[PDB]
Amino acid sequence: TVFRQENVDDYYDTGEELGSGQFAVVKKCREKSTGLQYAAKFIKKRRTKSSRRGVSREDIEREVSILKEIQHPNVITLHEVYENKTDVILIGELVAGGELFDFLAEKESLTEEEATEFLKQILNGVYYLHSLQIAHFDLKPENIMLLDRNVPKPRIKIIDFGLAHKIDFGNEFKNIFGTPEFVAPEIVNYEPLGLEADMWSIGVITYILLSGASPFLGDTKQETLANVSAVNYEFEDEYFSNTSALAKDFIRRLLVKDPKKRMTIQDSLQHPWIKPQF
């Protein structure tokens, strides 16, 4: 599939840099014709077939195709796509209140109500995605943005669909691998992957929201990955003595090695706490 090949500078002005990945930079921008503001993600293209640098056409097209489908208050929208020789440029929804997650770093420890207010929104976004058989595969606090701080009212949107896949046969087998602290054992063990991997990541995010501590983090990436595969975590009393038994129960039912035994997104919404690499 091809994208708009006019110069993006003829239609938009860019401003502040909003963030970065290894092969991507995101900038605030403004559409000249409407004055409306967006975020433009510039993704570096591969310069050859066998190149390790940049993102393959197939991977870019997949992200774009997923972004085109989705429309939900807790997930980003896509506005336009441009491309030139070096970049594909996604123009989408500007989320201006920063990462979850710089908010977690700047702020003191959260109450359970605070944590569940964020968490319920993440669950609603993921419920939408999973209903569509879309696995995000990269859920982590850096990919949960506030829309808003300020309106607190602290509404969120899930971002960065670079690893997302349609799961039309129950699982995908192709070496998808996110950030060690947040990946499920099946990712670590290079096993077939499905919607369940996202539910594990939600358990990790929930543990961090409540405690300020990362459940599997070691001093090196290999240690982190070994910890994940072995389900080597515990609830430290120093961090969790204030925390309700139901909150711990919710996390315990997500941080389960066997994907088939892990809570699903629907299970997570019915749970008594919620129900109203190298």
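From 1 onward, residues are counted along the sequence shown.
A.B. asks: Does the entry skip any residues of the deposited sequence between residue 276 and residue 277, and if so, is it 1 to 3, 4 to 9, or 10 or more, or none at all?
C.D. replies: 10 or more residues lack coordinates between residue 276 and residue 277.
A.B. asks: Return whichever of 162-170 and 124-132 has the greater mean Cα B factor according to the PDB record.
C.D. replies: The deposited B-factors put 162-170 ahead on the C-alpha mean.
A.B. asks: So 221-229 or 235-243, which one's hotter by mean CA B-factor in the entry?
C.D. replies: Looking at the recorded C-alpha B-factors, 235-243 comes out higher on average.
A.B. asks: Which one of 141, 92, 73, 154 shows the biggest C-alpha B-factor in the PDB entry?
C.D. replies: Checking the PDB record, the top C-alpha B-factor among 141, 92, 73, 154 is at 154.
A.B. asks: For the listed residues 205, 176, 78, 197, which one has the largest C-alpha B-factor as given in the deposited model?
C.D. replies: The listed residue with the largest C-alpha B-factor is 176.
A.B. asks: Pull the Cα B-factor of residue 270 out of the PDB entry and bin it into the chain's lowest, middle or highest third.
C.D. replies: It falls in the middle third of the chain.
A.B. asks: Grab the CA temperature factor for residue 119 from the record and place it in the lowest, middle or highest third of its chain.
C.D. replies: It falls in the middle third of the chain.
A.B. asks: What third of the chain does residue 54 rank in for C-alpha temperature factor, lowest, middle or highest?
C.D. replies: For residue 54, the deposited C-alpha B-factor lands in the highest third.
A.B. asks: Against its chain's modelled residues, does residue 188's Cα B factor rank lowest, middle or highest third?
C.D. replies: Lowest third.
A.B. asks: Residue 27: which third of its chain by C-alpha temperature factor?
C.D. replies: It falls in the middle third of the chain.
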